[PDB]
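These notes are about the structure you will find just below.
Side chains are part of it too, since the values below use all heavy atoms of this structure and drop only hydrogens, waters and symmetry mates. Chain A is the first sequence line, chain B the second, and so forth, proteins listed ahead of strands; every chain is numbered from 1.
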Amino acid sequence: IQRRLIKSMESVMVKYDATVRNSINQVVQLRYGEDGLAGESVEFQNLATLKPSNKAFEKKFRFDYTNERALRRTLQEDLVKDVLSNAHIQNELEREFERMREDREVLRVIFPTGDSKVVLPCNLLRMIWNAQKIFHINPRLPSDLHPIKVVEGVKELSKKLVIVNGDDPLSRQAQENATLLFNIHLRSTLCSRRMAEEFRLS
Amino acid sequence: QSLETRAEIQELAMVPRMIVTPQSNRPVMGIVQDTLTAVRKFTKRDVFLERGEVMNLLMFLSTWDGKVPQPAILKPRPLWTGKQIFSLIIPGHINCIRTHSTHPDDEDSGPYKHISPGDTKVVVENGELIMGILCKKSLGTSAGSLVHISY
Amino acid sequence: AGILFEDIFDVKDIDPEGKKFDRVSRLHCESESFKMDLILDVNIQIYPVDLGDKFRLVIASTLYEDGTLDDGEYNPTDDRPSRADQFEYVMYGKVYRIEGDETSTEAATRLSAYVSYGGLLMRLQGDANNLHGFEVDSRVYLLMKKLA
Amino acid sequence: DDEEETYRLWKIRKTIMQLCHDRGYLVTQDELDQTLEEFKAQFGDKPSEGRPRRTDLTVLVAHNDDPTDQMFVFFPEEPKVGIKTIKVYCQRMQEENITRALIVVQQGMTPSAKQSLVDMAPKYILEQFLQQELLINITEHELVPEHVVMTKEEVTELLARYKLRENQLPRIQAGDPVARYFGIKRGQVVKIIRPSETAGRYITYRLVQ
Amino acid sequence: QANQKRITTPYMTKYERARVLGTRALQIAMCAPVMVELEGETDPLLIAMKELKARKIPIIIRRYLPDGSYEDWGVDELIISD
Amino acid sequence: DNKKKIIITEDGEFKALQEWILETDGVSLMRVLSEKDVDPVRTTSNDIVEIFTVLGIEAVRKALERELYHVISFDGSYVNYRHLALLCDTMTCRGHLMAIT
């Protein structure tokens, strides 16, 4: 069986256009493993927005910019004033939650069984823990991180993580698809609320 | 038999480059028989090392900065713990949570979650073994272990 | 001074869950001056502790009587006046957790500082007033002495 | 014996309407989701005696893009359809000026009728379907991903993006159940969208053969 | 192929690093001039690994695409990770 | 739970309904799917040939992934999904079931 599998697959290889092809140059996969990632950097993680109820999801991921106390406990004092006064920031956070909800539906459709265990490149919780310990984050003090900075930074990051290169619409559908699960994990992990009351990064 | 092939093997096939396998995104080599039984016995809560024993063990650390750590117990005797020396073995500033194989399943719910009576619930934090007994689950070939996280 | 906490504890129980380790024992103690619970792992082989014992516990950031930081390195050839001279059982560890009864809007009335002395674990929990000196990832000393 | 038959005959119509809708033909929502009880009301509930006869089940739809591009669905009465019936249907299709058809046979169809369906392809493209494989819509199975017939402009897109020739795409046989469902012919490319556990979504493209 | 685009990755692959280092080590062993400074290194591979770290290896990688075209990348233009 | 009916409650939680399922010693997927009160959406088979004949090349690609994953993981083992995916793509990229022979 081993020999048969080798002789059947031996010449399949990742090409410089990032497709997987055989000796004949026929396309076996447009991206390796459907995501264009190697198997020895990925690792087990949990999708935080898959299993929770609507109501737990709402409570854990929707940034509450109405509770003035609570923001006072989580954020610094100019941060609190900006979050409470500005309505552009509030609507940025509102549609942040709106795609975490759309992403939740997409995950639900992808994982019809409620299994949040997934294999993804970057262990975001471990990286957040590393950042907490590297910069000596005090979980008990209010943070100096603006939630709008979280939203903006997470989108610039998402734009920078490229599996499929190209500005044409086909290359953007393929790029959206290749990093869809990782971008969902990233938006649900680097959420403004989680980074404000769970992680307290600066 | 050539510098070409020597560089090829040095940059592709060397054992440290081979620690994590693409087959199952996890280490392919881990800590094995005597070292694993002994690290289980070493990271138990009641392992106390004397000054001379600690120096003898520090002779065998290649990645030692030459600074003897402050013992966990200073009086009536200076005593280092096995976790305190494994903390010196642990590289970098890695962070890791595991559970010893004897970890009771009903301990994570009740009190004493973060202060384990049985010294299960491995916690490595800034490269120091804060607590827990190391075993196959922490130093073996499974995913998320200390060797994997180190790699 | 460099003292984060000082109080007098009374050993109320030893190994409620049973003896887990031979040379290490877990004391569940409660003080009288501050009404603080204490779980403490102690090497009973070198410093035996009996039920009903009463001791003074001093969590300190440093051993030197004058305010002076420590390097975390073992210096046995140190001649300055150390407060470990005043005590029998001394351990050196780090705070790895601070829990509390805080809510999303209210601060903590009760805190719970967790320390690790090379794997010997301690939990000092009680009013948040008495646990302001504790940060996580901060090195402290035990300074425990038996009294009659 | 008879309730059986009208139930079958109603599913076959339901699957055919779903198929025509997926192929892009004008199908009203009412007939898209027609309950068994209206099927009985509109056609009857005793097919055995002749109410409904399968000749009354004939469907005629029109493409959304082109009202002149219509398509027929015929339900022959004989279990084994002979050429000579094909020849009738094709005559009808001529004098209604229609060019595409489905024949939902019950038991099968004769080799001579098979060969007639094949030889006269450039004139009318009329397909075969069994009873048995229209009682279910296979595109609703969990194993079947989302298939989408690409247009030539899209295929030219695709080959220009990935800079490849049609023989380098993965293939799908022209007789494949889903290819037959979508009525796709050799040289067309079908875009398959499926969920992937590593990427979330994955689009592959299969060339018809 | 337009050099103003290059569609391939801006990172040097592990295989590119391996072959570039081996090739440059063989060139150094055959008395090619060294591009970086040398303290006491006499092993060709170590000299090649300095030349790579300094990004001073005079080699162009011609990456072939499946369609038949190619892209030329200087070793200094690629991102060395390891 | 792998064979229970996993639904999403109105509250948004995953619930596993405990429902009757039938396991046959034979296989006529063509016929069984077209039976009253039989689920034509989840009803499947382990015979990949008849999955190909009935549902098609992408269906048998998925089902073949599923069966290989069942073989691999039955002993608790785990293999990265990209390897199974590559095998199953080699096995189905030409529009028919290509045996590894």
Ignoring hydrogens and angles, tell me if any N or O in the side chain of [X] forms a donor-acceptor pair with the backbone of [Y] under 3.5 Å.
X	Y	result
B:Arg40	B:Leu134	no
A:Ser158	A:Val154	yes
D:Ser196	D:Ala199	yes

Nearest-0.5 Å distance that lies between atom [atom1] in [X] and atom [atom2] in [Y]:
X	Y	atom1	atom2	value
F:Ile6	F:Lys15	CD1	NZ	11.0 Å
F:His83	B:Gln23	NE2	CD	6.5 Å
A:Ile128	A:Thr189	CD1	OG1	6.0 Å
A:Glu152	A:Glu92	CD	CD	6.5 Å
A:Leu190	A:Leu201	CG	CG	8.0 Å
A:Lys81	A:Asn86	NZ	CG	13.0 Å

Sub-4.5 Å side-chain heavy-atom contact between [X] and [Y]:
X	Y	answer
A:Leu181	D:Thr198	no
A:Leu37	A:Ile163	yes
B:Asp108	B:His103	yes
C:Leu111	C:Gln125	no
C:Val136	A:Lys133	yes
B:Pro91	B:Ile94	yes
A:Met127	A:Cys122	yes
B:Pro22	F:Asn80	no

Between [X] and [Y]: side-chain donor-acceptor atoms closer than 3.5 Å:
X	Y	answer
F:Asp11	A:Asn54	no
C:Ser104	A:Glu197	no
A:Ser143	A:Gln76	no

Over 60° means perpendicular and under 30° means parallel, so tell me whether B:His114 and C:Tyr114 are parallel, tilted or perpendicular.
perpendicular
Do the ring planes of A:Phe182 and A:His185 sit parallel (below 30°), tilted (30 to 60°) or perpendicular (above 60°)?
tilted
Atom [atom1] of residue position [X] - does it have more than 12 heavy atoms of other residues, nucleotides or ligands inside 6.0 Å?
X	atom1	result
B:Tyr151	OH	yes
A:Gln90	CD	yes
A:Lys60	NZ	yes
F:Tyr69	OH	no
B:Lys113	NZ	yes

Check the pair A:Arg193 / A:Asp64 against salt bridge (charged side-chain N to carboxylate O under 4.0 Å, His left out), numbers first and verdict last.
CA-CA 8 Å; A:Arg193 198 188 162 83; A:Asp64 188 25; 5.1 Å; no
Yes or no on side-chain hydrogen bond (donor to acceptor under 3.5 Å, both in side chains) for A:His146 and A:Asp82, after CA distance, side-chain angles and deciding distance?
CA-CA 9 Å; A:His146 212 305; A:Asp82 204 55; 2.7 Å; yes
Do NZ/NE/NH1/NH2 and the carboxylate oxygens of [X] and [Y] come within less than 4.0 Å?
X	Y	result
A:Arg101	A:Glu105	no
A:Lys51	A:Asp115	no
A:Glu102	A:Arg99	no
C:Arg110	C:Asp101	no
B:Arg45	C:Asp41	yes
C:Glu102	A:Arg140	yes
B:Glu128	C:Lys94	no

Please confirm whether [X] makes a cation-pi placement over [Y], using NZ or CZ under 6.0 Å from the six-membered ring centre and within 45° of the ring normal.
X	Y	result
A:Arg108	F:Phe14	yes
A:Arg194	A:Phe61	no
A:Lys117	A:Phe44	yes

I would like to know whether C:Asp37 and C:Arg123 meet salt bridge (charged side-chain N to carboxylate O under 4.0 Å, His left out); could you show each step before the answer?
CA-CA 8 Å; C:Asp37 310 278; C:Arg123 185 178 79 186; over 6 Å; no
Could you walk me through whether A:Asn177 and A:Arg31 satisfy the side-chain hydrogen bond (donor to acceptor under 3.5 Å, both in side chains) test, starting with their C-alpha distance in whole Å, then the side-chain angles of each, then the deciding distance to 0.1 Å, before giving a yes or no?
CA-CA 11 Å; A:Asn177 295 343; A:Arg31 283 288 173 287; over 6 Å; no
Applying side-chain hydrogen bond (donor to acceptor under 3.5 Å, both in side chains), can you list everything that pairs with A:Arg62, at least two apart in sequence or on another chain?
A:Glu58, A:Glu94
Could you pull out the closest heavy-atom pair between [X] and [Y], with the gap in Å?
X	Y	value
B:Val122	B:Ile133	CG2-O, 3.3 Å
A:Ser192	A:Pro147	CB-CB, 3.7 Å
C:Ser112	C:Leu131	N-CD1, 4.1 Å
B:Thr141	B:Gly30	CG2-N, 3.5 Å
B:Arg98	B:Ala143	NH1-O, 3.1 Å
A:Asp144	A:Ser202	OD1-CB, 3.2 Å

Begin from the C-alpha positions of E:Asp82 and E:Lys14 and carry the test salt bridge (charged side-chain N to carboxylate O under 4.0 Å, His left out) through to its verdict.
CA-CA 8 Å; E:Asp82 191 76; E:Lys14 65 176 96 159; over 6 Å; no
side-chain hydrogen bond (donor to acceptor under 3.5 Å, both in side chains) between B:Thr21 and A:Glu40, intermediate numbers included:
CA-CA 6 Å; B:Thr21 183; A:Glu40 60 297 1; over 6 Å; no
side-chain hydrogen bond (donor to acceptor under 3.5 Å, both in side chains) assessment of A:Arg69 paired with C:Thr105:
CA-CA 6 Å; A:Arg69 272 288 192 117; C:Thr105 75; 3.3 Å; yes
Could you walk me through whether B:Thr120 and B:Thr102 satisfy the side-chain contact (heavy atoms from CB on, under 4.5 Å) test, starting with their C-alpha distance in whole Å, then the side-chain angles of each, then the deciding distance to 0.1 Å, before giving a yes or no?
CA-CA 7 Å; B:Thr120 60; B:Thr102 63; 3.7 Å; yes
